[PDB]
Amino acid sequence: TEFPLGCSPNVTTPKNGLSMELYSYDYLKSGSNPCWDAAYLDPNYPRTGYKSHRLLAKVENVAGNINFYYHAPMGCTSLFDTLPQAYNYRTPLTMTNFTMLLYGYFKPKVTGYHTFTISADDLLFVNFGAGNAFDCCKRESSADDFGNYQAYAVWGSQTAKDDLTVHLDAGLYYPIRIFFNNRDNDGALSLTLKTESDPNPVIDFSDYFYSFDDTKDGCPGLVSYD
């Protein structure tokens, strides 16, 4: 989907940042082999499965540089540390093993081709565009209905990095859904953006992430090129 669908909320003053939900990702019993839970690889773990784990927090206004690398002191051990400031979540959590979901809308600054590059330990699955992530101003009623991943990265597999090159209009807000998991040990998340004119990758998404309330009618995009 080189031409993803965007949305036109036409809201007075849009809310900055994405929404985030954190969930437990416990280790297997302390004599299991391997030590980590393999659920994160089940096809429905990112859709239904994470809901069977403990909710840690629902957070709003996630904006900034969301990238991090966490070096675990040791493996097969649940250890506590903190996320970067952009996450709006200040208390220590199990950085060695956890599940994290982000959702909202991406707003381009400049119309044209955008390349989002991702890499992750252990997993990062990205949906992008109306329908694919969720429907315009109808997130709640389409929350679990996301399509094929527009990018996906799994540590240790023959696709440990991925990118997505899409033509975007600055006039639209694009549904986005980012699902992360760390199963054990080190954790890492990299999202960068490359546009055709700007020389270097963008890593600070402060001005690009937004949240909008759902509306009865929805808010389909009012820019189209057919």
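All residue numbers refer to positions in the sequence shown, first residue = 1. In this text, the rigid core denotes the largest set of C-alpha atoms whose superposition between the two forms falls within 1.5 Å.
Core-fitted comparison in 4 other deposited structures of this protein shows that, between 214-222 and 8-16, the CA atoms farther from the shown form belong to 8-16. Here 152-160 and 135-143 are scored by the root mean square distance of their C-alpha atoms in 4 other deposited structures of this protein, with each structure fitted by the rigid core; the higher score goes to 152-160. Taking the mean C-alpha B-factor of each stretch as recorded, 69-77 and 92-100 are not equal, and the higher mean is that of 69-77. As listed in the deposited structure, the average C-alpha B-factor of 137-145 and of 115-123 is greater for 137-145. In the PDB entry, the Cα temperature factor peaks, among 51, 183, 177, 161, at 161. Residue set 64, 201, 187, 46: peak C-alpha B-factor at 201 (per PDB entry).
When the CA B factors of the chain's modelled residues are split into thirds, the value for residue 193 lands in the middle one.
Split the chain's modelled residues into thirds by C-alpha temperature factor. Residue 24 is in the lowest one.
In the PDB entry, residue 172 places in the highest third of its chain by CA B-factor.
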